[PDB]
$ cat final.cif   # mmCIF, C-alpha atoms and all ligand atoms
data_entry
loop_
_atom_site.label_atom_id
_atom_site.label_comp_id
_atom_site.auth_asym_id
_atom_site.auth_seq_id
_atom_site.Cartn_x
_atom_site.Cartn_y
_atom_site.Cartn_z
CA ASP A 1 0.00 0.00 0.00
CA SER A 2 1.13 3.57 0.76
CA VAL A 3 4.53 4.36 2.33
CA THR A 4 4.43 7.24 4.79
CA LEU A 5 6.99 8.94 7.03
CA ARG A 6 6.88 9.86 10.71
CA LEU A 7 9.57 11.54 12.79
CA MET A 8 11.80 9.03 14.51
CA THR A 9 11.84 9.23 18.32
CA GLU A 10 14.21 8.04 21.04
CA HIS A 11 11.79 5.08 21.41
CA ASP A 12 12.92 3.87 17.94
CA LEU A 13 16.65 3.65 18.69
CA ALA A 14 16.70 0.00 19.82
CA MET A 15 14.83 -1.01 16.62
CA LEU A 16 17.23 1.12 14.51
CA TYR A 17 20.20 -0.55 16.21
CA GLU A 18 18.78 -3.96 15.24
CA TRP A 19 18.29 -2.77 11.63
CA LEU A 20 21.79 -1.23 11.28
CA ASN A 21 23.26 -4.63 12.12
CA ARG A 22 21.34 -6.57 9.46
CA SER A 23 23.69 -7.83 6.79
CA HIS A 24 21.85 -6.23 3.78
CA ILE A 25 22.19 -2.88 5.55
CA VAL A 26 25.77 -3.27 6.82
CA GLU A 27 26.92 -3.78 3.20
CA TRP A 28 25.91 -0.20 2.26
CA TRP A 29 25.57 1.75 5.49
CA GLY A 30 28.14 2.61 8.06
CA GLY A 31 31.27 1.58 6.22
CA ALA A 32 29.62 0.60 10.97
CA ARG A 33 28.12 -2.35 12.76
CA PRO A 34 27.32 0.20 15.50
CA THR A 35 26.82 -0.92 19.10
CA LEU A 36 23.59 -0.04 20.86
CA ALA A 37 25.41 2.84 22.65
CA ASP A 38 26.73 4.04 19.20
CA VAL A 39 23.19 4.18 17.80
CA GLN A 40 21.84 5.74 21.00
CA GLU A 41 24.53 8.46 21.01
CA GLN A 42 24.57 9.21 17.28
CA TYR A 43 20.93 8.86 16.10
CA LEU A 44 19.21 10.51 19.03
CA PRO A 45 17.05 13.09 17.23
CA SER A 46 18.49 15.93 19.35
CA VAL A 47 22.07 14.90 18.48
CA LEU A 48 21.29 14.50 14.77
CA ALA A 49 19.84 18.04 14.92
CA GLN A 50 23.36 19.35 15.62
CA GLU A 51 24.38 18.36 12.07
CA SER A 52 21.06 19.56 10.58
CA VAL A 53 19.82 15.98 10.16
CA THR A 54 16.18 14.92 10.66
CA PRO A 55 15.50 11.18 11.14
CA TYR A 56 12.28 9.45 9.98
CA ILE A 57 10.70 6.02 10.25
CA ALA A 58 9.08 4.79 7.06
CA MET A 59 5.73 3.09 7.63
CA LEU A 60 3.70 0.63 5.54
CA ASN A 61 0.35 -0.83 6.66
CA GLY A 62 1.05 0.29 10.25
CA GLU A 63 4.49 -1.41 10.37
CA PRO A 64 7.91 0.30 10.48
CA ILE A 65 9.69 -0.77 7.28
CA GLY A 66 12.73 1.52 7.05
CA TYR A 67 14.75 4.50 8.18
CA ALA A 68 15.31 7.72 6.29
CA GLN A 69 16.91 11.05 7.03
CA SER A 70 16.96 14.47 5.43
CA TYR A 71 19.60 17.13 5.99
CA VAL A 72 20.36 20.76 5.23
CA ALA A 73 23.43 20.43 2.97
CA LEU A 74 24.83 23.88 3.93
CA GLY A 75 24.53 22.73 7.65
CA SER A 76 26.46 19.44 7.31
CA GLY A 77 29.60 18.42 9.27
CA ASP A 78 33.17 19.46 8.37
CA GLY A 79 34.13 18.13 4.91
CA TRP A 80 30.53 17.73 3.75
CA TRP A 81 29.02 19.81 0.88
CA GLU A 82 31.67 22.52 1.26
CA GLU A 83 30.86 24.10 -2.16
CA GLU A 84 27.18 24.47 -1.30
CA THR A 85 25.79 28.00 -1.09
CA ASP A 86 22.00 27.46 -1.27
CA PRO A 87 20.41 26.97 2.20
CA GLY A 88 17.37 25.48 0.35
CA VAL A 89 19.22 22.32 -0.68
CA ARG A 90 18.21 19.17 1.22
CA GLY A 91 19.92 15.78 0.97
CA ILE A 92 18.44 12.36 1.80
CA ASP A 93 19.68 8.90 2.90
CA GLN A 94 17.50 5.84 3.49
CA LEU A 95 17.32 2.11 4.08
CA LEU A 96 14.71 -0.65 4.05
CA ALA A 97 14.69 -2.73 7.25
CA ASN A 98 13.71 -6.14 5.76
CA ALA A 99 15.87 -8.16 3.35
CA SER A 100 12.70 -9.81 1.99
CA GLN A 101 11.28 -6.43 0.91
CA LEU A 102 14.23 -5.27 -1.24
CA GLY A 103 13.97 -4.87 -5.04
CA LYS A 104 10.17 -4.68 -5.12
CA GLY A 105 9.67 -0.92 -5.62
CA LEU A 106 9.22 -0.12 -1.91
CA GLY A 107 12.39 2.03 -1.75
CA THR A 108 11.18 4.04 -4.77
CA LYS A 109 7.87 4.67 -2.92
CA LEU A 110 9.80 5.72 0.22
CA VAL A 111 12.03 8.15 -1.73
CA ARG A 112 8.99 9.60 -3.55
CA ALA A 113 7.29 10.15 -0.17
CA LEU A 114 10.38 11.82 1.28
CA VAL A 115 10.83 14.06 -1.81
CA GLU A 116 7.15 15.16 -1.57
CA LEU A 117 7.53 15.82 2.18
CA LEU A 118 10.60 17.97 1.57
CA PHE A 119 9.08 20.08 -1.26
CA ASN A 120 6.12 20.79 1.09
CA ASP A 121 8.61 23.01 2.86
CA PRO A 122 8.48 26.05 0.53
CA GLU A 123 12.05 27.04 1.47
CA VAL A 124 13.40 23.85 -0.16
CA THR A 125 14.82 24.38 -3.65
CA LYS A 126 16.42 21.04 -4.65
CA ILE A 127 16.94 17.60 -3.18
CA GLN A 128 20.28 15.82 -3.51
CA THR A 129 21.61 12.36 -2.69
CA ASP A 130 25.07 10.76 -2.79
CA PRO A 131 24.91 6.96 -3.34
CA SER A 132 28.20 5.09 -3.53
CA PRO A 133 29.32 4.44 -7.14
CA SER A 134 29.22 0.69 -6.15
CA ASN A 135 25.52 0.99 -5.13
CA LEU A 136 23.77 0.58 -8.48
CA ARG A 137 20.51 -0.53 -6.89
CA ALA A 138 20.25 2.72 -4.84
CA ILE A 139 21.20 4.75 -7.96
CA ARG A 140 18.43 3.12 -10.01
CA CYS A 141 15.94 3.61 -7.14
CA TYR A 142 16.72 7.36 -7.04
CA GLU A 143 16.39 7.57 -10.83
CA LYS A 144 12.93 5.96 -10.69
CA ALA A 145 12.02 8.47 -7.97
CA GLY A 146 12.92 11.41 -10.29
CA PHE A 147 16.59 12.08 -9.48
CA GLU A 148 19.17 12.74 -12.22
CA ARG A 149 22.85 11.76 -12.04
CA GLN A 150 25.11 14.83 -12.20
CA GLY A 151 28.58 13.33 -11.83
CA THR A 152 31.14 12.15 -9.32
CA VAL A 153 31.96 14.14 -6.16
CA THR A 154 34.48 13.62 -3.43
CA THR A 155 32.87 13.27 0.01
CA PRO A 156 34.20 12.33 3.48
CA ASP A 157 32.74 8.86 2.75
CA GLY A 158 34.64 8.59 -0.57
CA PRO A 159 33.54 9.36 -4.13
CA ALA A 160 29.79 9.49 -4.64
CA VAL A 161 27.44 9.74 -7.61
CA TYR A 162 25.85 13.15 -6.93
CA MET A 163 22.15 13.06 -7.88
CA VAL A 164 19.57 15.87 -7.76
CA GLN A 165 15.88 16.59 -8.23
CA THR A 166 14.99 20.31 -8.47
CA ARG A 167 11.69 21.84 -7.39
CA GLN A 168 10.94 22.77 -11.04
CA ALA A 169 11.42 19.11 -12.10
CA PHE A 170 9.06 17.92 -9.34
CA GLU A 171 6.40 20.50 -10.45
CA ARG A 172 6.75 19.46 -14.09
CA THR A 173 6.36 15.77 -13.36
CA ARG A 174 3.26 16.05 -11.10
CA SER A 175 1.06 15.76 -14.16
CA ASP A 176 1.20 14.94 -17.88
CA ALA A 177 -0.40 18.32 -18.63
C1 LIG B 201 22.28 8.09 -0.32
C2 LIG B 201 21.77 6.70 0.15
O1 LIG B 201 20.92 6.53 1.04
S1 LIG B 201 22.53 5.38 -0.75
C3 LIG B 201 21.90 3.71 -0.24
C4 LIG B 201 21.30 3.56 0.99
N1 LIG B 201 20.95 2.41 1.58
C5 LIG B 201 21.17 1.13 1.19
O2 LIG B 201 21.72 0.78 0.15
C6 LIG B 201 20.63 0.08 2.18
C7 LIG B 201 20.27 -1.26 1.49
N2 LIG B 201 19.27 -1.08 0.42
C8 LIG B 201 18.04 -0.56 0.57
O3 LIG B 201 17.58 -0.15 1.65
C9 LIG B 201 17.19 -0.49 -0.72
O4 LIG B 201 17.66 -1.43 -1.73
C10 LIG B 201 17.11 0.96 -1.31
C11 LIG B 201 16.31 1.91 -0.38
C12 LIG B 201 18.55 1.53 -1.55
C13 LIG B 201 16.39 0.90 -2.68
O5 LIG B 201 15.03 0.39 -2.50
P1 LIG B 201 14.42 -0.92 -3.29
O6 LIG B 201 13.02 -1.09 -2.91
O7 LIG B 201 15.41 -2.04 -3.10
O8 LIG B 201 14.56 -0.35 -4.79
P2 LIG B 201 13.44 -0.46 -5.89
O9 LIG B 201 13.00 -1.88 -5.93
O10 LIG B 201 12.42 0.61 -5.67
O11 LIG B 201 14.32 -0.04 -7.19
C14 LIG B 201 15.60 -0.63 -7.39
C15 LIG B 201 15.95 -0.76 -8.88
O12 LIG B 201 17.36 -1.07 -8.93
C16 LIG B 201 17.55 -2.07 -9.95
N3 LIG B 201 18.88 -2.72 -9.74
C17 LIG B 201 19.26 -3.53 -8.75
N4 LIG B 201 20.54 -3.86 -8.93
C18 LIG B 201 20.97 -3.26 -10.04
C19 LIG B 201 22.18 -3.23 -10.73
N5 LIG B 201 23.22 -3.93 -10.28
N6 LIG B 201 22.27 -2.49 -11.86
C20 LIG B 201 21.24 -1.79 -12.32
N7 LIG B 201 20.07 -1.80 -11.68
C21 LIG B 201 19.92 -2.52 -10.55
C22 LIG B 201 16.31 -2.93 -9.83
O13 LIG B 201 16.14 -3.72 -11.01
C23 LIG B 201 15.25 -1.84 -9.74
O14 LIG B 201 15.06 -1.21 -11.02
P3 LIG B 201 13.91 -1.67 -12.07
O15 LIG B 201 12.54 -1.18 -11.42
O16 LIG B 201 14.20 -0.75 -13.37
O17 LIG B 201 13.99 -3.14 -12.35
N1 LIG B 202 29.22 7.75 11.69
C1 LIG B 202 29.60 8.24 13.02
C2 LIG B 202 28.73 9.46 13.39
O1 LIG B 202 28.19 10.20 12.22
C3 LIG B 202 27.23 11.22 12.63
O2 LIG B 202 26.70 11.81 11.44
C4 LIG B 202 25.30 11.45 11.18
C5 LIG B 202 24.90 12.11 9.85
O3 LIG B 202 25.29 13.47 9.82
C6 LIG B 202 25.71 11.26 8.84
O4 LIG B 202 24.93 11.17 7.61
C7 LIG B 202 25.68 11.53 6.41
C8 LIG B 202 25.24 12.97 6.06
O5 LIG B 202 25.67 13.79 7.15
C9 LIG B 202 25.84 13.45 4.73
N2 LIG B 202 25.45 14.85 4.51
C10 LIG B 202 25.33 12.53 3.59
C11 LIG B 202 25.83 11.11 3.88
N3 LIG B 202 25.43 10.21 2.77
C12 LIG B 202 25.22 10.61 5.24
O6 LIG B 202 25.84 9.32 5.47
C13 LIG B 202 24.94 8.35 6.05
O7 LIG B 202 24.17 7.82 5.04
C14 LIG B 202 24.88 6.91 4.08
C15 LIG B 202 23.79 6.35 3.15
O8 LIG B 202 23.55 7.28 2.07
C16 LIG B 202 25.65 5.79 4.85
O9 LIG B 202 26.42 5.00 3.91
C17 LIG B 202 26.54 6.41 5.95
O10 LIG B 202 27.30 5.43 6.69
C18 LIG B 202 25.68 7.29 6.89
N4 LIG B 202 26.53 7.99 7.86
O11 LIG B 202 25.62 9.89 9.37
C19 LIG B 202 25.27 9.96 10.80
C20 LIG B 202 23.84 9.38 10.95
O12 LIG B 202 22.92 10.27 10.29
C21 LIG B 202 27.98 12.31 13.42
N5 LIG B 202 28.96 12.98 12.54
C22 LIG B 202 28.70 11.66 14.63
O13 LIG B 202 27.72 11.26 15.61
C23 LIG B 202 29.56 10.45 14.21
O14 LIG B 202 30.66 10.88 13.40
CA CA B 203 9.75 28.07 7.02
CA CA B 204 3.81 18.35 -16.61
#
$ encode --input "final.cif" --output "structure tokens"
Amino acid sequence: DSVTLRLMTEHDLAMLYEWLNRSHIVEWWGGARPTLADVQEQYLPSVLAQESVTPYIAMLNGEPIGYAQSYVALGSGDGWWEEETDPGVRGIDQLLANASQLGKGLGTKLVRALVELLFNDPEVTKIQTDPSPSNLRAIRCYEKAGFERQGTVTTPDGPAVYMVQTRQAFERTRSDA
């Protein structure tokens, strides 16, 4: 059915810890097999706020099915998005909790939901994402969700395929009119 997003709370941290240690997630996220204390210290919504990151839980049929986050690119940690000048740019990262639910279009639905959420903030001008060049499945998911590959950028987490979706693009693709 429909994928929706809710803010993540401190009550979700134990569940997130479990997720972040699932093998299909470890492959792409972290580098990193975080301990419970790691997840508690780093993903606490108030702590994430210090790097302009907002955490979400993705929901499907009343069940938590994934984690996502958005961030203000201009507000990111040292080394991150240092050429950015537009405070309207938001980036996203996300994961699906269940190995059995990968590759079935659920991630595309999640990304679409997150993109819509973000453009409902009228200050937001463009959404970006930075999948690993190795992560072809994530790249194709973002493409299906309306992102376009720009090129390769150097990040603190290595080279990334920089992908964007502008507000004008989102407007244009809302209808075939
Ligand atoms: C910036 C970031 O957050 S980067 C990545 C983040 N997180 C992760 O990788 C965690 C582990 N993976 C996941 O959570 C999920 O796979 C997600 C969220 C990345 C993607 O969601 P999914 O539901 O798996 O993707 P979805 O099924 O919507 O689309 C994936 C597409 O990739 C395609 N694909 C998979 N592998 C490849 C490949 N090697 N080459 C080309 N295409 C591929 C699939 O065929 C599908 O495209 P299609 O509809 O044209 O057939
Ligand atoms: N990883 C250790 C911790 O990272 C924290 O940083 C938090 C975020 O700022 C950081 O997220 C960065 C984001 O900042 C940056 N602007 C974009 C980058 N892709 C994100 O990276 C995140 O998502 C990708 C998936 O796309 C994962 O592969 C990666 O391991 C994960 N950290 O990941 C952490 C969870 O959101 C703090 N710097 C600190 O507590 C500590 O260094
Ligand atoms: Ca405002
Ligand atoms: Ca149109």
$ atom_distance --input "final.cif" --atom1 "CA of residue 13 (chain A)" --atom2 "CA of residue 95 (chain A)"
14.7 Å
$ closest_atom_pairs --input "final.cif" --of "chain A" --to "ligand CA 204 (chain B)" --cutoff "8 Å" --atoms "all atoms listed in the file" --output "CSV"
residue,atom,partner,partner_atom,distance
A:171,CA,B:CA204,CA,7.0
A:172,CA,B:CA204,CA,4.0
A:173,CA,B:CA204,CA,4.9
A:174,CA,B:CA204,CA,6.0
A:175,CA,B:CA204,CA,4.5
A:176,CA,B:CA204,CA,4.5
A:177,CA,B:CA204,CA,4.7
$ residues_near_ligand --input "final.cif" --ligand "ligand CA 203 (chain B)" --cutoff "10 Å" --atoms "all atoms listed in the file" --output "VMD selection string"
chain A and resid 121 to 124
$ write_last_selection --input "final.cif" --atoms "C-alpha atoms" --output "PDB file, in the coordinates of the input"
ATOM      1  CA  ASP A 121       8.610  23.010   2.860  1.00  0.00           C
ATOM      2  CA  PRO A 122       8.480  26.050   0.530  1.00  0.00           C
ATOM      3  CA  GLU A 123      12.050  27.040   1.470  1.00  0.00           C
ATOM      4  CA  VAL A 124      13.400  23.850  -0.160  1.00  0.00           C
TER       5      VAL A 124
END
$ residues_near_point --input "final.cif" --point "(27.0, 0.5, -5.2)" --cutoff "12 Å" --atoms "only C-alpha atoms" --output "number ranges by chain"
A: 27-29, 130-141, 159-161
$ atom_distance --input "final.cif" --atom1 "CA of residue 100 (chain A)" --atom2 "atom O2 of ligand LIG 201 (chain B)"
14.0 Å
$ closest_residue --input "final.cif" --among "A:72, A:5, A:110, A:35" --to "residue 56 (chain A)" --atoms "all atoms listed in the file"
A:5
$ residues_around --input "final.cif" --residues "residue 75 (chain A)" --least-positions-apart "4" --cutoff "12 Å" --atoms "all atoms listed in the file" --output "NGL selection string"
:A and (48-54 or 70-71 or 79-91)
$ closest_residue --input "final.cif" --among "A:115, A:39, A:145, A:106" --to "ligand LIG 201 (chain B)" --atoms "all atoms listed in the file"
A:106
$ atom_distance --input "final.cif" --atom1 "CA of residue 127 (chain A)" --atom2 "CA of residue 142 (chain A)"
10.9 Å
$ axis_aligned_box --input "final.cif" --around "region 158-169 of chain A" --padding-each-side "5 Å" --output "JSON"
{"center_x": 22.8, "center_y": 15.7, "center_z": -6.3, "size_x": 33.7, "size_y": 24.2, "size_z": 21.5}
$ residues_near_point --input "final.cif" --point "(23.6, 4.1, 6.0)" --cutoff "12 Å" --atoms "only C-alpha atoms" --output "ChimeraX atom specification"
/A:16-17,19-34,39,43,55,66-69,92-97,130-132,135,138,157
$ residues_around --input "final.cif" --residues "residue 162 (chain A)" --least-positions-apart "4" --cutoff "6 Å" --atoms "all atoms listed in the file" --output "JSON, numbers by chain"
{"A": [130, 150, 151, 152]}
$ closest_residue --input "final.cif" --among "A:8, A:3, A:169, A:37" --to "ligand LIG 201 (chain B)" --atoms "only C-alpha atoms and all ligand atoms"
A:3
$ closest_residue --input "final.cif" --among "A:15, A:44, A:9, A:59" --to "residue 113 (chain A)" --atoms "all atoms listed in the file"
A:59
$ build_atoms --input "final.cif" --residues "region 43-75 of chain A" --atoms "N, CA and C atoms" --output "CSV table (one decimal), in the frame of the given file"
chain,number,residue,atom,x,y,z
A,43,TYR,N,22.2,8.7,16.8
A,43,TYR,CA,20.9,8.9,16.1
A,43,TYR,C,19.8,9.5,17.0
A,44,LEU,N,20.1,9.8,18.2
A,44,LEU,CA,19.2,10.5,19.0
A,44,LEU,C,18.8,11.7,18.2
A,45,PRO,N,17.5,11.9,18.1
A,45,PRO,CA,17.0,13.1,17.2
A,45,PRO,C,17.7,14.4,17.6
A,46,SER,N,17.8,14.7,18.9
A,46,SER,CA,18.5,15.9,19.4
A,46,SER,C,20.0,16.1,18.9
A,47,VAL,N,20.7,14.9,18.9
A,47,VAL,CA,22.1,14.9,18.5
A,47,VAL,C,22.2,15.1,17.0
A,48,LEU,N,21.3,14.4,16.2
A,48,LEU,CA,21.3,14.5,14.8
A,48,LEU,C,21.0,16.0,14.4
A,49,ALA,N,20.2,16.7,15.2
A,49,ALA,CA,19.8,18.0,14.9
A,49,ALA,C,21.1,18.9,14.9
A,50,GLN,N,22.1,18.6,15.6
A,50,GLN,CA,23.4,19.4,15.6
A,50,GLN,C,24.1,19.3,14.3
A,51,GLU,N,23.8,18.3,13.4
A,51,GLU,CA,24.4,18.4,12.1
A,51,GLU,C,23.3,18.6,11.0
A,52,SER,N,22.2,19.2,11.5
A,52,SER,CA,21.1,19.6,10.6
A,52,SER,C,20.5,18.3,9.9
A,53,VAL,N,20.4,17.2,10.6
A,53,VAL,CA,19.8,16.0,10.2
A,53,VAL,C,18.5,15.7,10.9
A,54,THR,N,17.5,15.4,10.1
A,54,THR,CA,16.2,14.9,10.7
A,54,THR,C,15.9,13.5,10.3
A,55,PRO,N,15.8,12.6,11.4
A,55,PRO,CA,15.5,11.2,11.1
A,55,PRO,C,14.0,10.9,11.1
A,56,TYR,N,13.7,9.9,10.2
A,56,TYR,CA,12.3,9.4,10.0
A,56,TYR,C,12.2,7.9,10.1
A,57,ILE,N,11.0,7.4,10.4
A,57,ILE,CA,10.7,6.0,10.2
A,57,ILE,C,9.7,5.9,9.1
A,58,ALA,N,10.0,5.1,8.2
A,58,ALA,CA,9.1,4.8,7.1
A,58,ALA,C,8.1,3.7,7.5
A,59,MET,N,6.8,3.9,7.2
A,59,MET,CA,5.7,3.1,7.6
A,59,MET,C,4.9,2.5,6.4
A,60,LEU,N,4.5,1.3,6.6
A,60,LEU,CA,3.7,0.6,5.5
A,60,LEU,C,2.7,-0.3,6.3
A,61,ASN,N,1.4,0.0,6.0
A,61,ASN,CA,0.4,-0.8,6.7
A,61,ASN,C,0.5,-1.0,8.2
A,62,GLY,N,0.8,0.2,8.8
A,62,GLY,CA,1.0,0.3,10.2
A,62,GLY,C,2.3,-0.4,10.8
A,63,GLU,N,3.2,-0.8,10.0
A,63,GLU,CA,4.5,-1.4,10.4
A,63,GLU,C,5.7,-0.5,10.0
A,64,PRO,N,6.7,-0.4,10.9
A,64,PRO,CA,7.9,0.3,10.5
A,64,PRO,C,8.7,-0.6,9.5
A,65,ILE,N,9.0,0.0,8.3
A,65,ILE,CA,9.7,-0.8,7.3
A,65,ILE,C,11.1,-0.2,6.9
A,66,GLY,N,11.4,1.0,7.4
A,66,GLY,CA,12.7,1.5,7.0
A,66,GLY,C,13.1,2.8,7.8
A,67,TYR,N,14.3,3.3,7.5
A,67,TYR,CA,14.8,4.5,8.2
A,67,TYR,C,15.1,5.4,7.1
A,68,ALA,N,14.8,6.7,7.3
A,68,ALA,CA,15.3,7.7,6.3
A,68,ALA,C,15.8,8.9,7.1
A,69,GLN,N,16.5,9.8,6.4
A,69,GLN,CA,16.9,11.0,7.0
A,69,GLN,C,17.0,12.1,5.9
A,70,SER,N,16.7,13.3,6.3
A,70,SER,CA,17.0,14.5,5.4
A,70,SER,C,17.9,15.4,6.2
A,71,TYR,N,18.7,16.2,5.4
A,71,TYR,CA,19.6,17.1,6.0
A,71,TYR,C,19.7,18.4,5.2
A,72,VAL,N,20.0,19.5,5.9
A,72,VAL,CA,20.4,20.8,5.2
A,72,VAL,C,21.8,20.7,4.8
A,73,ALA,N,22.1,20.7,3.5
A,73,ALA,CA,23.4,20.4,3.0
A,73,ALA,C,24.4,21.5,3.5
A,74,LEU,N,24.0,22.8,3.4
A,74,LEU,CA,24.8,23.9,3.9
A,74,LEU,C,25.2,23.7,5.4
A,75,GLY,N,24.4,23.0,6.2
A,75,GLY,CA,24.5,22.7,7.6
A,75,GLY,C,25.3,21.4,8.1
